[PDB]
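Data first, discussion second: the structure below is written as structure tokens.
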Amino acid sequence: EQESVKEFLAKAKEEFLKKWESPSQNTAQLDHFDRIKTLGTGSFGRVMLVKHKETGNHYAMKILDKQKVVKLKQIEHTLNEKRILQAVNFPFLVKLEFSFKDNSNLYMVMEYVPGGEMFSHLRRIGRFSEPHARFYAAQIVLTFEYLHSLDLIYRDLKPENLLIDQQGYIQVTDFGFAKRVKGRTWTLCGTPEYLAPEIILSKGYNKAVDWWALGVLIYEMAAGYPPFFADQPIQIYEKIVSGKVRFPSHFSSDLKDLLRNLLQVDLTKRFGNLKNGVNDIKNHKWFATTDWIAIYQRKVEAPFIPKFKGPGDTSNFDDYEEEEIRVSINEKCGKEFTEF
Ligand SMILES: N[C@H]1CO[C@H]2[C@@H]1OC[C@H]2OC(=O)Nc1cccc(F)c1
Ligand SMILES: N[C@H]1CO[C@H]2[C@@H]1OC[C@H]2OC(=O)Nc1cccc(F)c1
């Protein structure tokens, strides 16, 4: 590997560990913001577009109910998420600007990304051409090189978690399942269509599960649908562990070869997890036209720019029932969330 890549990753790890060992806490409060619109929801939390009252800047505020986090066994995962987000720094990761808690909730306030989900644009167009898919995939390869060098596993890659910014580049969001791992880890988590065989089989697993999920993502971007699907998760799991996959005839031979090596059921033979690491991917024939430095420096003109009117436009997100953000007059679950 070139010495400039080695020195870049060594400095990146030094800066991450300084923030990891001394996390920021309590850097705003709720009545510093005005609420604008709910951007979507979940079982234990929501994301809302908000405006900061002094500066006028827009942000995306993720709100988690402390009692529901405890009930759904997500305490350690919520603490991982905020500790990792406040310590990372890379061109294709969403930025955490503030965090705080109150009697009822935890809050993570991130920069707002007005182009919306990659998934929305994929379904509007049908499928991405191979040059368009390759522009997005190169950004994910560089982001995993960075996260894996910090001993982090991401564990939720899918098109709904990749937002498109005002220059047409990716911002990765949702670190709810991310974790710092030396060696192996064991938690069953993720989305069914994207799970590697070793997660389904309850084995001890490692960063190779993120390279499997990159194979699922590139297939989905280039075909318009993922490689393994069915009405019941147990049927999806049976197709994943089987060791077979069918490719559309319009795929190039170079694309098929790359996908057979990422969607490799034996984790000890999978690209990204061999002696040469990420360079088996960067040097594959499917990426021969990619300028890795130009992508990192954001100097390549993007294939597509989202249509929106300004920094507070919500037209690329969809519509949800608007509910209260209620805060109890008594403190809930204070012990469990002391470090947040
Ligand atoms: N389809 C699901 C999943 O994404 C949607 C919808 O529910 C929640 C929504 O999440 C967001 O808008 N998050 C978000 C995070 C950071 C910045 C930003 F601008 C938006
Ligand atoms: N969406 C996030 C990330 O890019 C924006 C925004 O936070 C502020 C900016 O920080 C960066 O450009 N970070 C960065 C730049 C060069 C090298 C590197 F390793 C990280």
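Residues displayed in chain A correspond, in order, to Swiss-Prot positions 12-351.
The header says X-ray crystallography, 1.6 Å.
Even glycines carry a Cβ here, placed using N, Cα and C.
Taken from Swiss-Prot, the feature domain 'Protein kinase' covers 44-298. Annotation comment: Swiss-Prot describes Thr49, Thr196, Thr198 as phosphothreonine, evidence class similarity to another entry. Look at Swiss-Prot and you will find 50-58, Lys73, 122-128, 169-172 tagged as ATP binding site, backed by sequence analysis. Among the features that Swiss-Prot reports, phosphoserine is placed at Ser140, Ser339. Residues annotated as active site, proton acceptor in Swiss-Prot: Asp167. The domain 'AGC-kinase C-terminal' annotation in Swiss-Prot covers 299-351, and the record cites sequence analysis as its basis. Among the features that Swiss-Prot reports, phosphotyrosine is placed at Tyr331.
Shown for the domain 'AGC-kinase C-terminal' (299-351): DSSP residue counts in helix, strand and coil, namely 8 helix, 0 strand, 45 coil. In the three-state DSSP scheme, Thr49 (phosphothreonine) is classed as strand.
Reported as a whole number, the C-alpha separation between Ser339 (phosphoserine) and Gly56 (ATP binding site) equals 16 Å.
Residue pair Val124 (ATP binding site) / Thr49 (phosphothreonine) shows a Cα separation of 14 Å.
Annotation: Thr49 carries the greatest number of neighbouring Cβ atoms among the modified residues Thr49, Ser140, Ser339 [cut-off 10 Å, Cβ to Cβ]. Checked against ligand 2, the recorded positions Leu50, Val124, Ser140, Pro170 give no residue with a Cβ less than 6 Å away from one of its atoms. Cα of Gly127 (ATP binding site) to Cα of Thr49 (phosphothreonine): a distance of 13 Å. Closeness to ligand 1 is met by none of the recorded positions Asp167, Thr198, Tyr331, no Cβ falling under 6 Å from the molecule. Ranking the modified residues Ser140, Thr196, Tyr331 by the distance of their Cα atoms from the Cα of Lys73 (ATP binding site) places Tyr331 first.
Ranking the recorded positions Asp167, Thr196, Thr198, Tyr331 by the distance of their Cα atoms from the Cα of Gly53 (ATP binding site) places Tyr331 first. DSSP gives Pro170 (ATP binding site) a helix state. The CA atom of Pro170 (ATP binding site) is located 20 Å away from the CA atom of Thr49 (phosphothreonine).
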